[PDB]
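K.L.:
One structure follows; several queries about it will come next.
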Amino acid sequence: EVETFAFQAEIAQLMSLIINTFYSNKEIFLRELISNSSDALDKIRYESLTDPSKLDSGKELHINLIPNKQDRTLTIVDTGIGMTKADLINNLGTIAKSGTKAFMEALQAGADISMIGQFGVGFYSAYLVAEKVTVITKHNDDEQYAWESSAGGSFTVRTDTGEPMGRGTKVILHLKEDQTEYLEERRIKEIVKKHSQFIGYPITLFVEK
Ligand SMILES: CC(C)c1cc(-c2n[nH]c(=O)n2-c2ccc3c(ccn3C)c2)c(O)cc1O
């Protein structure tokens, strides 16, 4: 059972601009996703302070990076708070808590898209490098769900029949054919060192066999 949704107009416009831009500094997508993971880890850590049982679904707070040359995918996995079905639809489908309109105004005025995270929409920088993004998520209070979009104005959500996660979020970037450099461990390592060295949660790069 698959449900289809439309992006809010402003989000569709943002995705269109990102998807199509010749913006060369594409490596920033990774720090944005890592930053989101860190934020979600902050969220579960915070809740756990007053309700320890929230970590029954897993005590480890970490971020894993998983390149897959065979599938041409780069996966970012965290054990953060995850998202309920409602959270998932709202966070990805709407302006939600972000400064999306101010960002679009700033872009029109010639701002650098590296500022995207400052406007609370860093996730969409994934489309600099990905033709399709899948987001699998598990929150303590809901089932495991899979969100996906290849842009073009719509996304889908379905209950995930994949491998169960205890709790957290997995972002699967289905890379553009010209963007396979982000499957190279040496490339990933350097991007993490440049832009994510002061994230306090452990970030582990899984080197391909
Ligand atoms: C949005 C992307 C897909 C994403 C989300 C979560 C997630 N799991 N539980 C959460 O609350 N978040 C989260 C974190 C940050 C966010 C939002 C919304 C706006 N910002 C800035 C949501 C994640 O762990 C990794 C990710 O890449």
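Letters for chains follow the order of the structure tokens (A, B, ...), residue numbers begin at 1 for each chain, and ligand numbers begin at 1 in the order shown.
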Using only C-alpha atoms and all ligand atoms, find each protein or nucleic acid residue lying at most 6 Å from ligand 1; present the set as number ranges by chain.

P.N.:
A: 33, 36-37, 39-40, 78, 80-83, 91, 120, 123, 169, 171

K.L.:
Go ahead and save the picked residues with N, CA, C and O atoms, as a compact mmCIF listing (two decimals), in the first residue's frame.

P.N.:
```
# COMPACT_ATOMS: atom_id res chain seq x y z
N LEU A 33 23.58 16.39 5.65
CA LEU A 33 22.93 15.15 6.10
C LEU A 33 23.50 14.69 7.44
O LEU A 33 22.75 14.26 8.33
N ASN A 36 21.99 16.88 10.10
CA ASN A 36 20.64 16.41 10.41
C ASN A 36 20.66 15.19 11.34
O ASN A 36 19.89 15.12 12.31
N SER A 37 21.56 14.26 11.05
CA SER A 37 21.74 13.07 11.90
C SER A 37 22.13 13.48 13.33
O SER A 37 21.58 12.95 14.32
N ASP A 39 21.52 16.33 14.79
CA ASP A 39 20.34 16.95 15.39
C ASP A 39 19.37 15.87 15.93
O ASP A 39 18.86 15.98 17.04
N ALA A 40 19.14 14.82 15.14
CA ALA A 40 18.24 13.73 15.55
C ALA A 40 18.79 12.96 16.75
O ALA A 40 18.02 12.50 17.61
N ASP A 78 21.67 6.84 10.94
CA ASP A 78 21.85 7.28 12.32
C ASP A 78 20.88 6.57 13.25
O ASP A 78 19.87 6.00 12.80
N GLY A 80 19.33 8.26 15.69
CA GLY A 80 18.63 9.39 16.30
C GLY A 80 17.17 9.06 16.62
O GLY A 80 16.76 7.89 16.60
N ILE A 81 16.40 10.09 16.93
CA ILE A 81 15.01 9.92 17.38
C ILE A 81 14.09 9.28 16.33
O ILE A 81 13.07 8.69 16.68
N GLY A 82 14.47 9.38 15.06
CA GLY A 82 13.63 8.91 13.97
C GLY A 82 12.46 9.85 13.76
O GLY A 82 12.39 10.93 14.37
N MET A 83 11.53 9.45 12.90
CA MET A 83 10.35 10.27 12.60
C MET A 83 9.11 9.39 12.53
O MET A 83 9.13 8.33 11.91
N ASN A 91 7.95 16.99 7.60
CA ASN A 91 9.34 17.44 7.50
C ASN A 91 9.84 17.52 6.08
O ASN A 91 10.64 18.40 5.75
N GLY A 120 17.53 25.86 7.32
CA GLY A 120 16.83 24.68 7.83
C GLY A 120 16.33 23.69 6.79
O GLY A 120 15.48 22.86 7.09
N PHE A 123 18.71 19.16 4.01
CA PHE A 123 18.35 17.87 3.40
C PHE A 123 18.28 17.92 1.86
O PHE A 123 18.79 17.03 1.19
N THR A 169 17.21 6.88 11.44
CA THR A 169 16.92 7.27 10.07
C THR A 169 18.06 6.83 9.17
O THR A 169 19.24 6.93 9.55
N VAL A 171 19.21 7.57 5.18
CA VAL A 171 19.01 8.35 3.96
C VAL A 171 19.80 7.67 2.87
O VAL A 171 21.03 7.56 2.97
```

K.L.:
Show me, as a list in words, the residues that have an atom within 9 Å of residue A:145 when counting only C-alpha atoms, minus same-chain residues fewer than 3 positions from it.

P.N.:
residues 83, 84, 85, 88, 135, 136, 137, 138, 142, 157, 158, 159, 160 and 161 of chain A

K.L.:
Would you output that residue set with N, CA and C atoms, as a PDB file, in the first residue's frame?

P.N.:
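And here is the file that came out, part_25.pdb:
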```pdb
ATOM      1  N   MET A  83      11.529   9.452  12.904  1.00  0.00           N
ATOM      2  CA  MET A  83      10.351  10.269  12.602  1.00  0.00           C
ATOM      3  C   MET A  83       9.106   9.393  12.531  1.00  0.00           C
ATOM      4  N   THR A  84       8.026   9.839  13.167  1.00  0.00           N
ATOM      5  CA  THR A  84       6.707   9.217  12.973  1.00  0.00           C
ATOM      6  C   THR A  84       6.259   9.418  11.512  1.00  0.00           C
ATOM      7  N   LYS A  85       5.243   8.672  11.075  1.00  0.00           N
ATOM      8  CA  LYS A  85       4.673   8.888   9.745  1.00  0.00           C
ATOM      9  C   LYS A  85       4.314  10.361   9.514  1.00  0.00           C
ATOM     10  N   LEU A  88       7.453  12.553   9.240  1.00  0.00           N
ATOM     11  CA  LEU A  88       8.121  12.298   7.962  1.00  0.00           C
ATOM     12  C   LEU A  88       7.488  13.086   6.817  1.00  0.00           C
ATOM     13  N   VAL A 135      14.230   7.752   2.166  1.00  0.00           N
ATOM     14  CA  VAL A 135      14.440   7.982   3.588  1.00  0.00           C
ATOM     15  C   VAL A 135      13.620   6.934   4.337  1.00  0.00           C
ATOM     16  N   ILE A 136      14.321   6.065   5.071  1.00  0.00           N
ATOM     17  CA  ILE A 136      13.707   5.020   5.894  1.00  0.00           C
ATOM     18  C   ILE A 136      13.849   5.484   7.345  1.00  0.00           C
ATOM     19  N   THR A 137      12.776   5.406   8.119  1.00  0.00           N
ATOM     20  CA  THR A 137      12.821   5.951   9.473  1.00  0.00           C
ATOM     21  C   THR A 137      11.985   5.126  10.445  1.00  0.00           C
ATOM     22  N   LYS A 138      12.450   5.081  11.693  1.00  0.00           N
ATOM     23  CA  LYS A 138      11.772   4.364  12.777  1.00  0.00           C
ATOM     24  C   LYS A 138      11.857   5.198  14.052  1.00  0.00           C
ATOM     25  N   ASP A 142       6.047   4.746  16.484  1.00  0.00           N
ATOM     26  CA  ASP A 142       5.419   4.412  15.203  1.00  0.00           C
ATOM     27  C   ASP A 142       6.143   3.240  14.524  1.00  0.00           C
ATOM     28  N   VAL A 157       5.070   7.561   0.392  1.00  0.00           N
ATOM     29  CA  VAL A 157       5.351   6.961   1.695  1.00  0.00           C
ATOM     30  C   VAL A 157       4.662   5.599   1.763  1.00  0.00           C
ATOM     31  N   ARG A 158       5.380   4.614   2.288  1.00  0.00           N
ATOM     32  CA  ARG A 158       4.830   3.280   2.487  1.00  0.00           C
ATOM     33  C   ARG A 158       5.444   2.670   3.743  1.00  0.00           C
ATOM     34  N   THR A 159       4.752   1.706   4.339  1.00  0.00           N
ATOM     35  CA  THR A 159       5.354   0.939   5.421  1.00  0.00           C
ATOM     36  C   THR A 159       6.541   0.159   4.842  1.00  0.00           C
ATOM     37  N   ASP A 160       7.669   0.191   5.543  1.00  0.00           N
ATOM     38  CA  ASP A 160       8.900  -0.397   5.027  1.00  0.00           C
ATOM     39  C   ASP A 160       8.940  -1.892   5.323  1.00  0.00           C
ATOM     40  N   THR A 161       9.111  -2.693   4.271  1.00  0.00           N
ATOM     41  CA  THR A 161       9.262  -4.153   4.390  1.00  0.00           C
ATOM     42  C   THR A 161      10.730  -4.584   4.380  1.00  0.00           C
TER      43      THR A 161
END
```

K.L.:
Find the spatial neighbours of stretch 186-188 of chain A, counting only C-alpha atoms, within a cut-off of 9 Å - ignore same-chain residues fewer than 6 positions away - and output them as a short mmCIF file (atom, residue, chain, number, x, y, z; two decimals) with N, CA, C and O atoms, in the first residue's frame.

P.N.:
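Listing of part_24.cif after writing:
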```
data_model
loop_
_atom_site.label_atom_id
_atom_site.label_comp_id
_atom_site.auth_asym_id
_atom_site.auth_seq_id
_atom_site.Cartn_x
_atom_site.Cartn_y
_atom_site.Cartn_z
N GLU A 27 29.92 18.78 -2.70
CA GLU A 27 30.31 17.95 -1.55
C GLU A 27 29.62 18.35 -0.24
O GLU A 27 29.54 17.54 0.69
N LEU A 30 26.93 16.30 2.04
CA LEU A 30 27.27 15.33 3.08
C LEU A 30 27.25 15.94 4.47
O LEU A 30 26.70 15.35 5.40
N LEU A 65 28.35 5.79 7.54
CA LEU A 65 28.33 6.14 6.11
C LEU A 65 28.64 4.89 5.28
O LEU A 65 29.65 4.22 5.50
N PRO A 67 28.92 3.65 1.45
CA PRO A 67 28.93 3.64 -0.01
C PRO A 67 28.67 2.25 -0.59
O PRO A 67 29.11 1.24 -0.01
N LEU A 205 32.89 5.41 8.61
CA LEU A 205 32.83 5.12 7.20
C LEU A 205 33.02 3.61 7.01
O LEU A 205 34.03 3.05 7.42
#
```

K.L.:
Where does stretch 11-96 of chain A meet stretch 173-179 of chain A within 6 Å, residue by residue, with the nearest atom pair and distance in Å to one decimal for each, counting only C-alpha atoms, listed by chain and rising number, as a tab-separated table?

P.N.:
```
residue	atom	partner	partner_atom	distance
A:72	CA	A:175	CA	5.9
A:73	CA	A:174	CA	4.7
A:74	CA	A:173	CA	5.1
```

K.L.:
Out of A:9, A:116, A:133, A:63, which residue has the shortest atom-to-atom distance to residue A:147 when counting only C-alpha atoms?

P.N.:
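Selected residue with least distance to residue A:147: A:133.
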
K.L.:
I want to know what sits within 12 Å of residue A:17, based on only C-alpha atoms, with residues of the same chain fewer than 2 positions away left out; could you give that as number ranges by chain?

P.N.:
A: 10-15, 19-23, 103-104, 107-108, 113, 124-125, 127-128, 151-152

K.L.:
Atoms to include: C-alpha atoms. Write the selected residues as a PDB file, in the first residue's frame.

P.N.:
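The new file result_1.pdb reads:
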```pdb
ATOM      1  CA  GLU A  10       7.917  26.311  -2.310  1.00  0.00           C
ATOM      2  CA  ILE A  11       9.583  22.936  -1.627  1.00  0.00           C
ATOM      3  CA  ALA A  12       8.948  21.799  -5.226  1.00  0.00           C
ATOM      4  CA  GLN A  13      10.542  25.060  -6.430  1.00  0.00           C
ATOM      5  CA  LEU A  14      13.556  24.559  -4.141  1.00  0.00           C
ATOM      6  CA  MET A  15      14.051  20.967  -5.364  1.00  0.00           C
ATOM      7  CA  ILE A  19      18.189  19.291  -9.013  1.00  0.00           C
ATOM      8  CA  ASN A  20      19.121  21.334 -12.056  1.00  0.00           C
ATOM      9  CA  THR A  21      21.857  23.685 -10.836  1.00  0.00           C
ATOM     10  CA  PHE A  22      25.400  23.561 -12.222  1.00  0.00           C
ATOM     11  CA  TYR A  23      26.578  24.590  -8.717  1.00  0.00           C
ATOM     12  CA  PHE A 103      16.354  30.974   1.199  1.00  0.00           C
ATOM     13  CA  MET A 104      14.688  31.200  -2.225  1.00  0.00           C
ATOM     14  CA  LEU A 107      19.213  32.519  -3.950  1.00  0.00           C
ATOM     15  CA  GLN A 108      17.425  34.938  -6.320  1.00  0.00           C
ATOM     16  CA  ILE A 113      23.678  27.442  -1.883  1.00  0.00           C
ATOM     17  CA  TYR A 124      17.417  19.013  -0.135  1.00  0.00           C
ATOM     18  CA  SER A 125      21.097  19.552  -1.013  1.00  0.00           C
ATOM     19  CA  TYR A 127      19.584  16.444  -4.940  1.00  0.00           C
ATOM     20  CA  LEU A 128      22.881  18.073  -5.990  1.00  0.00           C
ATOM     21  CA  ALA A 151      11.586  15.237  -7.392  1.00  0.00           C
ATOM     22  CA  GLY A 152       9.120  16.292 -10.148  1.00  0.00           C
TER      23      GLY A 152
END
```

K.L.:
Run DSSP on the backbone and grab whatever in stretch 34-85 of chain A lands in strand (DSSP E); send it over as number ranges by chain.

P.N.:
A: 63-68, 73-78

K.L.:
Neighbouring residues of residue A:190 were defined as those with any atom within 12 Å, considering only C-alpha atoms; residues of the same chain fewer than 5 positions away were excluded. Please report them as an mmCIF file with N, CA and C atoms, in the first residue's frame.

P.N.:
```cif
data_model
loop_
_atom_site.group_PDB
_atom_site.id
_atom_site.type_symbol
_atom_site.label_atom_id
_atom_site.label_comp_id
_atom_site.auth_asym_id
_atom_site.auth_seq_id
_atom_site.Cartn_x
_atom_site.Cartn_y
_atom_site.Cartn_z
ATOM 1 N N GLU A 27 29.919 18.785 -2.697
ATOM 2 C CA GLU A 27 30.307 17.948 -1.549
ATOM 3 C C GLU A 27 29.615 18.350 -0.237
ATOM 4 N N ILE A 28 29.134 19.595 -0.159
ATOM 5 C CA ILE A 28 28.408 20.081 1.024
ATOM 6 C C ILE A 28 27.120 19.286 1.358
ATOM 7 N N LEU A 30 26.931 16.297 2.038
ATOM 8 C CA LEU A 30 27.266 15.326 3.077
ATOM 9 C C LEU A 30 27.255 15.945 4.473
ATOM 10 N N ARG A 31 27.875 17.115 4.639
ATOM 11 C CA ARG A 31 27.806 17.780 5.952
ATOM 12 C C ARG A 31 26.361 18.116 6.355
ATOM 13 N N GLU A 181 31.849 9.862 -7.693
ATOM 14 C CA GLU A 181 33.014 10.153 -6.834
ATOM 15 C C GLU A 181 32.687 10.029 -5.332
ATOM 16 N N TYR A 182 31.412 10.232 -4.979
ATOM 17 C CA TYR A 182 30.956 10.168 -3.568
ATOM 18 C C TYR A 182 30.755 8.738 -3.055
ATOM 19 N N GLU A 184 33.612 6.869 -3.466
ATOM 20 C CA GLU A 184 35.026 6.631 -3.179
ATOM 21 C C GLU A 184 35.357 6.931 -1.722
ATOM 22 N N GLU A 185 35.852 5.921 -1.007
ATOM 23 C CA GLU A 185 36.212 6.126 0.401
ATOM 24 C C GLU A 185 37.196 7.294 0.624
ATOM 25 N N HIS A 195 34.473 19.153 6.768
ATOM 26 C CA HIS A 195 33.216 19.814 7.151
ATOM 27 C C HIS A 195 32.500 19.243 8.373
ATOM 28 N N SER A 196 32.898 18.049 8.804
ATOM 29 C CA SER A 196 32.206 17.359 9.904
ATOM 30 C C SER A 196 33.143 16.929 11.045
ATOM 31 N N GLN A 197 34.336 17.515 11.108
ATOM 32 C CA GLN A 197 35.315 17.067 12.103
ATOM 33 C C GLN A 197 34.931 17.385 13.550
ATOM 34 N N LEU A 205 32.891 5.410 8.614
ATOM 35 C CA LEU A 205 32.827 5.121 7.200
ATOM 36 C C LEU A 205 33.016 3.614 7.009
#
```

K.L.:
When distances are computed from only C-alpha atoms, which of A:208, A:87, A:112, A:32 shows the smallest separation from residue A:139?

P.N.:
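Among the listed residues, the smallest separation from residue A:139 belongs to A:87.
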
K.L.:
How far is it from atom CA of residue A:76 to atom CA of residue A:146, in Å with one decimal?

P.N.:
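These two atoms are separated by 14.3 Å.
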
K.L.:
Could you find all residues in stretch 66-195 of chain A that DSSP calls alpha helix (DSSP H) from the backbone, and write them as an MDAnalysis selection string?

P.N.:
chainID A and resid 85:93 100:108 185:195

K.L.:
If you keep N, CA, C and O atoms, can you produce a file of those selected residues as a JSON list (two decimals), in the first residue's frame?

P.N.:
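The resulting part_38.json:
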```json
[["chain", "number", "residue", "atom", "x", "y", "z"],
["A", 85, "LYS", "N", 5.24, 8.67, 11.08],
["A", 85, "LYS", "CA", 4.67, 8.89, 9.75],
["A", 85, "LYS", "C", 4.31, 10.36, 9.51],
["A", 85, "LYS", "O", 4.65, 10.92, 8.47],
["A", 86, "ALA", "N", 3.63, 10.97, 10.49],
["A", 86, "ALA", "CA", 3.24, 12.39, 10.40],
["A", 86, "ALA", "C", 4.46, 13.31, 10.30],
["A", 86, "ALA", "O", 4.46, 14.21, 9.45],
["A", 87, "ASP", "N", 5.46, 13.08, 11.17],
["A", 87, "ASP", "CA", 6.74, 13.83, 11.18],
["A", 87, "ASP", "C", 7.40, 13.76, 9.80],
["A", 87, "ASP", "O", 7.88, 14.77, 9.27],
["A", 88, "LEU", "N", 7.45, 12.55, 9.24],
["A", 88, "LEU", "CA", 8.12, 12.30, 7.96],
["A", 88, "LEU", "C", 7.49, 13.09, 6.82],
["A", 88, "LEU", "O", 8.18, 13.77, 6.04],
["A", 89, "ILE", "N", 6.17, 12.97, 6.71],
["A", 89, "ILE", "CA", 5.40, 13.69, 5.70],
["A", 89, "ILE", "C", 5.55, 15.21, 5.85],
["A", 89, "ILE", "O", 5.82, 15.90, 4.86],
["A", 90, "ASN", "N", 5.45, 15.71, 7.08],
["A", 90, "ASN", "CA", 5.55, 17.14, 7.33],
["A", 90, "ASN", "C", 6.95, 17.69, 7.07],
["A", 90, "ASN", "O", 7.12, 18.71, 6.39],
["A", 91, "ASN", "N", 7.95, 16.99, 7.60],
["A", 91, "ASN", "CA", 9.34, 17.44, 7.50],
["A", 91, "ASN", "C", 9.84, 17.52, 6.08],
["A", 91, "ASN", "O", 10.64, 18.40, 5.75],
["A", 92, "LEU", "N", 9.41, 16.58, 5.25],
["A", 92, "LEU", "CA", 9.93, 16.49, 3.89],
["A", 92, "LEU", "C", 9.00, 17.09, 2.85],
["A", 92, "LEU", "O", 9.45, 17.57, 1.80],
["A", 93, "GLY", "N", 7.71, 17.11, 3.17],
["A", 93, "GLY", "CA", 6.70, 17.57, 2.22],
["A", 93, "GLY", "C", 6.35, 19.04, 2.29],
["A", 93, "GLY", "O", 5.76, 19.58, 1.36],
["A", 100, "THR", "N", 12.54, 28.41, 4.28],
["A", 100, "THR", "CA", 12.52, 28.14, 2.83],
["A", 100, "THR", "C", 12.28, 29.38, 1.97],
["A", 100, "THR", "O", 13.01, 29.61, 1.01],
["A", 101, "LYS", "N", 11.27, 30.19, 2.28],
["A", 101, "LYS", "CA", 11.03, 31.36, 1.42],
["A", 101, "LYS", "C", 12.18, 32.36, 1.46],
["A", 101, "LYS", "O", 12.56, 32.89, 0.42],
["A", 102, "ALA", "N", 12.73, 32.59, 2.65],
["A", 102, "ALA", "CA", 13.89, 33.46, 2.79],
["A", 102, "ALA", "C", 15.10, 32.92, 2.00],
["A", 102, "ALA", "O", 15.86, 33.69, 1.41],
["A", 103, "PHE", "N", 15.25, 31.59, 1.97],
["A", 103, "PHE", "CA", 16.35, 30.97, 1.20],
["A", 103, "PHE", "C", 16.20, 31.20, -0.31],
["A", 103, "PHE", "O", 17.18, 31.53, -0.99],
["A", 104, "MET", "N", 14.98, 31.01, -0.80],
["A", 104, "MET", "CA", 14.69, 31.20, -2.23],
["A", 104, "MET", "C", 14.92, 32.66, -2.62],
["A", 104, "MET", "O", 15.48, 32.94, -3.68],
["A", 105, "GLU", "N", 14.50, 33.58, -1.75],
["A", 105, "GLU", "CA", 14.79, 35.00, -1.91],
["A", 105, "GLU", "C", 16.30, 35.28, -1.93],
["A", 105, "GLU", "O", 16.79, 36.03, -2.78],
["A", 106, "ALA", "N", 17.03, 34.65, -1.00],
["A", 106, "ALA", "CA", 18.49, 34.81, -0.95],
["A", 106, "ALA", "C", 19.17, 34.26, -2.20],
["A", 106, "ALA", "O", 20.08, 34.89, -2.73],
["A", 107, "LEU", "N", 18.70, 33.11, -2.70],
["A", 107, "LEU", "CA", 19.21, 32.52, -3.95],
["A", 107, "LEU", "C", 18.99, 33.43, -5.16],
["A", 107, "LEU", "O", 19.92, 33.68, -5.93],
["A", 108, "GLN", "N", 17.77, 33.95, -5.29],
["A", 108, "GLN", "CA", 17.43, 34.94, -6.32],
["A", 108, "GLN", "C", 18.38, 36.14, -6.28],
["A", 108, "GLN", "O", 18.78, 36.67, -7.32],
["A", 185, "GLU", "N", 35.85, 5.92, -1.01],
["A", 185, "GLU", "CA", 36.21, 6.13, 0.40],
["A", 185, "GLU", "C", 37.20, 7.29, 0.62],
["A", 185, "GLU", "O", 37.01, 8.07, 1.56],
["A", 186, "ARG", "N", 38.20, 7.45, -0.24],
["A", 186, "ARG", "CA", 39.12, 8.58, -0.05],
["A", 186, "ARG", "C", 38.41, 9.93, -0.16],
["A", 186, "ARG", "O", 38.75, 10.88, 0.55],
["A", 187, "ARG", "N", 37.43, 10.01, -1.06],
["A", 187, "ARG", "CA", 36.64, 11.23, -1.23],
["A", 187, "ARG", "C", 35.77, 11.47, 0.01],
["A", 187, "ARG", "O", 35.72, 12.59, 0.53],
["A", 188, "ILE", "N", 35.09, 10.43, 0.47],
["A", 188, "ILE", "CA", 34.20, 10.57, 1.64],
["A", 188, "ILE", "C", 35.02, 11.03, 2.87],
["A", 188, "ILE", "O", 34.65, 11.99, 3.55],
["A", 189, "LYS", "N", 36.12, 10.34, 3.12],
["A", 189, "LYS", "CA", 37.00, 10.63, 4.25],
["A", 189, "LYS", "C", 37.40, 12.10, 4.30],
["A", 189, "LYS", "O", 37.33, 12.74, 5.36],
["A", 190, "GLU", "N", 37.81, 12.64, 3.16],
["A", 190, "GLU", "CA", 38.24, 14.03, 3.10],
["A", 190, "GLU", "C", 37.10, 15.02, 3.34],
["A", 190, "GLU", "O", 37.30, 16.05, 3.99],
["A", 191, "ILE", "N", 35.91, 14.70, 2.83],
["A", 191, "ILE", "CA", 34.72, 15.56, 3.00],
["A", 191, "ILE", "C", 34.38, 15.63, 4.49],
["A", 191, "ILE", "O", 34.14, 16.71, 5.03],
["A", 192, "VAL", "N", 34.39, 14.47, 5.15],
["A", 192, "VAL", "CA", 34.12, 14.40, 6.60],
["A", 192, "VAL", "C", 35.16, 15.21, 7.41],
["A", 192, "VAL", "O", 34.79, 15.94, 8.33],
["A", 193, "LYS", "N", 36.44, 15.10, 7.04],
["A", 193, "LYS", "CA", 37.51, 15.84, 7.71],
["A", 193, "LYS", "C", 37.36, 17.35, 7.50],
["A", 193, "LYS", "O", 37.58, 18.13, 8.43],
["A", 194, "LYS", "N", 36.98, 17.76, 6.29],
["A", 194, "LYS", "CA", 36.78, 19.17, 5.99],
["A", 194, "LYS", "C", 35.64, 19.80, 6.78],
["A", 194, "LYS", "O", 35.84, 20.83, 7.41],
["A", 195, "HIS", "N", 34.47, 19.15, 6.77],
["A", 195, "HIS", "CA", 33.22, 19.81, 7.15],
["A", 195, "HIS", "C", 32.50, 19.24, 8.37],
["A", 195, "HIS", "O", 31.56, 19.87, 8.89]]
```
